[PDB]
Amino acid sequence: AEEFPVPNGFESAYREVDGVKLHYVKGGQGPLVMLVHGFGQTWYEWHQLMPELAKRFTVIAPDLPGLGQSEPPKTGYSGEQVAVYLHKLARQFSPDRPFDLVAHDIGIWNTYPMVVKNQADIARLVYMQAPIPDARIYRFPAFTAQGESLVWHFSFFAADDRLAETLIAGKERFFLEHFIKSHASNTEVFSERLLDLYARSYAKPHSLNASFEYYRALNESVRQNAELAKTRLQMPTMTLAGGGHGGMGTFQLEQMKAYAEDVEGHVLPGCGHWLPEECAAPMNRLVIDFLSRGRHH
């Protein structure tokens, strides 16, 4: 039973990686692009980009461990542990050439360590809508003159006593609509059906727990990245960020300038956090153009 509709010409499949059965959706022909989703979502957030990219690339969109239909990690939820699974998954399909990487929200957290540690394996990189875990996150204000901030969920999700699982269980659909819309500029892209699908997915008890275990490991990821960041990223990089409500604005490119030698960035006016859905057409175009001056079918 697929949690989300698979687009035509794609297959929903599973691979075992280090004892963890990972789910992904794959299609297309050419060099590999891996698309890594973020919190609240699954591979499905890429379902509009995937058929376009599949015209020139092999496209794979895994579910993060514990989310969607992927088994939880057996090592842990820090960025360095999770990135092992995603790197080895990508290499099962592109063992002989570098692959491209596109990540959104905690997809960044779960890929940056494998990018920095295996730079020869990464052809081009696209990061959108999340800080790389480092000391900058310790500055983000808890509360704003307009009300709730964009980052208080860090502490809510990281709290112990299974605080988030316990308060959200039985209200998963309600809470998902709230945080989607509280980080959105364009809420009308989110149908009741789409919200139902996302909510059913992360409401699985192991997926609800997995969602927050990424945040309970966030400080460990920050400490890990403090060492990894001694090595600057050398591949061509693009950042994308929303310019509207929920968007990260200039922070995305400005942070990446400290990590990457070769980086260009865009801020999308009128768009919030959920770029693949709120601003599908211009985000698809920027990603496709950026990846298509590298190499492709």
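Position 1 is the first residue in the sequence shown; the rest follow in order. For the two forms, the rigid core is made up of the largest set of C-alpha atoms that agree within 1.5 Å on superposition.
J.: Between 103-111 and 143-151, which one strays more from this form in 4 other deposited structures of this protein if you match the rigid core and compare Cα atoms?
T.: Between 103-111 and 143-151, greater C-alpha deviation in 4 other deposited structures of this protein belongs to 143-151.
J.: C-alpha RMS from this form in 4 other deposited structures of this protein, rigid core superposed: larger for 3-11 or 287-295?
T.: Between 3-11 and 287-295, greater C-alpha deviation in 4 other deposited structures of this protein belongs to 287-295.
J.: Decide which of the stretches 196-204 and 214-222 has the higher mean C-alpha B-factor, going by the entry.
T.: Taking the mean B-factor of the alpha carbons in each, 196-204 is higher.
J.: So, looking at the entry's B-factor column for Cα atoms, which has the higher mean, 63-71 or 259-267?
T.: Mean CA B-factor is higher for 259-267.
J.: Highest CA temperature factor in the entry: which of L35, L240, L228, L49?
T.: Comparing C-alpha B-factors across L35, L240, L228, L49, the maximum falls on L228.
J.: Given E148, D105, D100, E80, identify the residue with the highest C-alpha B factor in the PDB entry.
T.: In this record, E148 carries the highest C-alpha B-factor of the candidates.
J.: Looking at the C-alpha B-factor of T144, is it in the lowest, middle or highest third of its chain?
T.: Middle third.
J.: Using only modelled residues of the chain, where does the Cα B factor of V115 rank: lowest third, middle third or highest third?
T.: Answer is middle: the recorded C-alpha B-factor places it there.
J.: Check where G76 lands among this chain's C-alpha B-factors and tell me if it's the lowest, middle or highest third.
T.: For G76, whose C-alpha B-factor we compare with every modelled residue in the chain, the answer is the middle third.
J.: Would you check the entry's CA temperature factor for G30 and let me know if it's in the chain's lowest, middle or highest third?
T.: Within its chain, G30 is a highest-third residue by C-alpha B-factor, going by the deposited values.
J.: Classify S155 as lowest, middle or highest third according to the C-alpha B-factor given in the PDB entry, relative to its own chain.
T.: According to the entry, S155 has a C-alpha B-factor in the chain's lowest third.
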